[PDB]
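Reading through the structure tokens given below for one structure.
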Amino acid sequence: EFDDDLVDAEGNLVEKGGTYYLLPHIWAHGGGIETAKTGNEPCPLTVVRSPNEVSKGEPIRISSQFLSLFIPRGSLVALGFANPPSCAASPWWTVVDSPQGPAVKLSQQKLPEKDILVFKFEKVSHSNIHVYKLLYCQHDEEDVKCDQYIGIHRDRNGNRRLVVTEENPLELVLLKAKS
């Protein structure tokens with residue numbers, strides 16, 4: 001039988017707990033992931049995509065709920081900045097409801113595991129390099145259901161904000177970071 005682990009951009013299994021750049025499949029759609037200070041936030045707590053196609057963005061830790069060395073693709077994962085802005089209490093991304101829909105943010109406090117272990121990579125068929133969509137998993141009730149995708153919403157200021165999308169899910173390739 002098969003675990004079907006996540007594969008990085010260079011064909012190597014993704015290491016659980018390892019740090020990767022989250023880059024667009026399409027070269028022209030921007031660079032890696034970073035942060036921005038939006039709305040009334042006191043500091044950069046909004047997770048966004050760099051507009052710089054040359055930027056690999058920040059190194060992101062990818063951790064599953066398991067101890068395994070690798071990550072089964074059906075595994076829930078948490079995603080965090082290896083080097084978060086100083087004002088975030090931890091590196092981990094979380095999803096916050098809003099008038100216009102759920103958005104991806106950092107937090108000024110430490111959150112429970114059930115608020116950060118809310119993502120899952122979904123392999124994109126019809127592709128040579130391993131490309132993944134990024135799902136958000138809301139509470140089913142006693143569990144979670146991964147039935148929404150993360151996409152990009154460009155705000156009035158140009159920020160390419162990561163938010164729950166309904167029509168154009170982003171597609172990433174995971175490139176191993178410095179070491």
Side-chain angles (χ1 to χ4, degrees), residues 6-39 41-64 71 73 77-88 90-96 98 100-107 116 118-136 148-179:
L6 298 173
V7 185
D8 75 20
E10 300 178 307
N12 299 148
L13 295 195
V14 169
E15 302 181 346
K16 186 193 295 329
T19 56
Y20 295 80
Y21 300 112
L22 270 49
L23 310 178
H25 175 220
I26 304 294
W27 306 321
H29 293 175
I33 308 296
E34 70 195 3
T35 58
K37 181 175 75 59
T38 73
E41 296 175 343
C43 61
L45 299 169
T46 298
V47 183
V48 304
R49 173 175 274 169
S50 183
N52 317 152
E53 285 97 37
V54 37
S55 180
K56 293 179 303 284
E58 292 290 322
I60 301 308
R61 296 184 191 293
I62 303 176
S63 309
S64 88
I71 305 172
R73 73 209 224 308
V77 297
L79 297 170
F81 289 109
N83 309 134
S86 190
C87 69
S90 79
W92 312 115
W93 304 2
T94 196
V95 176
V96 183
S98 82
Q100 226 270 275
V104 184
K105 301 292 199 178
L106 299 178
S107 172
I116 54 169
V118 292
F119 301 102
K120 174 185 307 194
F121 286 107
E122 182 187 80
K123 174 192 45 55
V124 165
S125 67
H126 194 104
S127 182
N128 296 311
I129 179 159
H130 292 78
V131 179
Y132 295 95
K133 276 175 199 175
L134 172 61
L135 286 153
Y136 165 59
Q148 291 179 102
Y149 286 103
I150 296 302
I152 304 214
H153 172 70
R154 218 193 211 79
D155 63 14
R156 65 168 196 157
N157 292 68
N159 297 304
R160 301 175 191 193
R161 304 158 66 153
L162 269 71
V163 303
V164 162
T165 182
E166 190 185 5
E167 319 239 337
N168 288 80
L170 63 79
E171 297 181 46
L172 299 171
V173 303
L174 315 169
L175 182 62
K176 214 305 150 198
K178 295 247 203 78
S179 201

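Note that these values count all heavy atoms, side chains included, but never hydrogens, waters or copies made by symmetry. Throughout, numbering of the chain's residues begins at 1 and tracks the sequence.
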Item to check | Side-chain donor or acceptor of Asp8 paired with backbone N/O of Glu10 under 3.5 Å | outcome: yes
Checklist entry - Do the non-hydrogen side-chain atoms of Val48 and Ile33 ever get within less than 4.5 Å of each other? => result no
Checklist entry - Is there a side-chain contact (heavy atoms from CB on, under 4.5 Å) between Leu175 and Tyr20 once you walk through the steps? => result CA-CA 5 Å; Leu175 182 62; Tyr20 295 80; 5.8 Å; no
Checklist entry - According to the interplanar angle, ranging from 0 to 90°, do the rings of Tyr132 and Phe121 count as parallel (below 30°), tilted (30 to 60°) or perpendicular (above 60°)? => result perpendicular
Item to check | Result of checking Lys37, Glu41, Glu34 against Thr46 for side-chain contact (heavy atoms from CB on, under 4.5 Å) | outcome: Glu41
Item to check | Taking every non-hydrogen atom, the tightest pair across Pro102 and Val95 | outcome: CB-CG1, 3.4 Å
Checklist entry - Do other residues, nucleotides or ligands put more than 12 heavy atoms under 6.0 Å from the CG atom of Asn157? => result yes
Checklist entry - Does the pair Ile150 and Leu170 meet the rule for a side-chain contact (heavy atoms from CB on, under 4.5 Å), with working shown? => result CA-CA 6 Å; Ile150 296 302; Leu170 63 79; 4.0 Å; yes
Item to check | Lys120 NZ to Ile71 CD1 distance, which is reported to the nearest 0.5 Å | outcome: 12.5 Å
Checklist outcome for this item: Here the pair of heavy atoms bringing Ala177 nearest to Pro59 is CB-CB, 4.0 Å
Item to check | side-chain contact (heavy atoms from CB on, under 4.5 Å) evaluation trace for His153 with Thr165 | outcome: CA-CA 8 Å; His153 172 70; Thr165 182; over 6 Å; no
Item to check | Non-hydrogen side-chain atoms of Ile62 and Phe119 separated by less than 4.5 Å | outcome: no
Checklist entry - Mind checking whether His25 and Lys133 have side chains closer than 4.5 Å, heavy atoms only? => result no
Checklist entry - What are the two closest non-hydrogen atoms of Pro24 and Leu172, and how far apart are they? => result N-CD2, 4.3 Å
Checklist entry - Considering only heavy atoms from C-beta outward, does the side chain of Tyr149 approach that of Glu171 to under 4.5 Å? => result no
Checklist entry - So, the side chain of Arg160 versus the backbone of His29: is there a donor-acceptor pair under 3.5 Å, distance only? => result yes
Next on the checklist: Let me confirm one number: the CG-NZ distance from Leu6 to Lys123, rounded to the nearest 0.5 Å.
Outcome noted: 11.0 Å
Checklist outcome for this item: Nearest heavy-atom approach of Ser107 to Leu45 is N-CD2, 4.3 Å
Next on the checklist: How long is the straight-line distance from CG of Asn159 back to CD1 of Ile152, given to the nearest 0.5 Å?
Outcome noted: 11.0 Å
Next on the checklist: I need the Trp93 CH2 to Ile116 CD1 distance, nearest 0.5 Å.
Outcome noted: 12.5 Å
Next on the checklist: Using every non-hydrogen atom in the two residues, find where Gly31 and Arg49 come nearest and quote the distance to one decimal.
Outcome noted: O-CG, 3.5 Å
Checklist entry - Hey, what do you get for SG (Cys87) to CG (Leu106), rounding to the nearest 0.5 Å? => result 7.5 Å
Next on the checklist: Please determine whether side-chain contact (heavy atoms from CB on, under 4.5 Å) holds for the pair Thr19 and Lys176, giving the CA-CA distance in whole Å, both sets of side-chain angles, and the decisive distance to 0.1 Å.
Outcome noted: CA-CA 6 Å; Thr19 56; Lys176 214 305 150 198; 2.9 Å; yes
Checklist entry - Given side chains that start at C-beta, do those of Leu134 and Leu79 come closer than 4.5 Å, heavy atoms only? => result yes
Checklist entry - For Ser63 and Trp92, which heavy atoms make the closest approach, and how far apart are they? => result OG-CH2, 3.7 Å
Checklist entry - Rounded to the nearest 0.5 Å, how far does NZ of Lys56 lie from NZ of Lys178? => result 7.0 Å
